[PDB]
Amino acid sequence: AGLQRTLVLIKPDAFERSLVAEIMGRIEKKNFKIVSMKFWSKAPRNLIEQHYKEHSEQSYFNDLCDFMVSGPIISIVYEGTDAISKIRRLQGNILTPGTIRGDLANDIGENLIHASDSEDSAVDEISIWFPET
């Protein structure tokens, strides 16, 4: 088809705010399927630093990593037609109502969800979170 896989992280603010099912349900309602999933009570800093390696020289890098290890996270591989960009549009941004971030988040850092933004980041990010490839 146009069948793809993408990588989603549920960030610690989602657990803190009890928005976990709310976020996953929006992705579920658009007809995407869980293909693999892991729950991390605390994620290894090395996994986070890899995941956000492209950001390693930004001002926010260290606080980002701190936050990403500050509570649980769930990593999920989703599957569906055009999954990468469709789930990316679902994530949206804090300025755009209708999307997960648009409806539920209000901060440039604590923003509930990561979604892969291209085939390249998807393959690489899936590799990081699910090395059992």
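A residue's number is simply how far along the shown sequence it sits, counting from 1.
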- Query: Between 74-82 and 59-67, which has the higher average C-alpha B-factor in the PDB entry?
  - Reply: 59-67
- Message: If you take the mean CA temperature factor per stretch, which one wins between 44-52 and 91-99?
- Response: 44-52
- Pick out which of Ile34, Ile108, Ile27, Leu104 has the highest C-alpha B-factor in the PDB entry. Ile108
- Task: Name the third of the chain's ranked CA B-factors that contains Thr6, choosing lowest, middle or highest.
- Result: lowest
- Would you mind checking where the Cα B-factor of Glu125 ranks among the modelled residues of its chain, as the lowest, middle or highest third? middle
- Message: Considering every modelled residue of the chain and its Cα B-factor in the PDB entry, is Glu22 in the lowest, middle or highest third?
- Response: lowest
- Would you mind ranking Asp13 by its C-alpha B-factor against the rest of the chain and naming the third, lowest, middle or highest? lowest
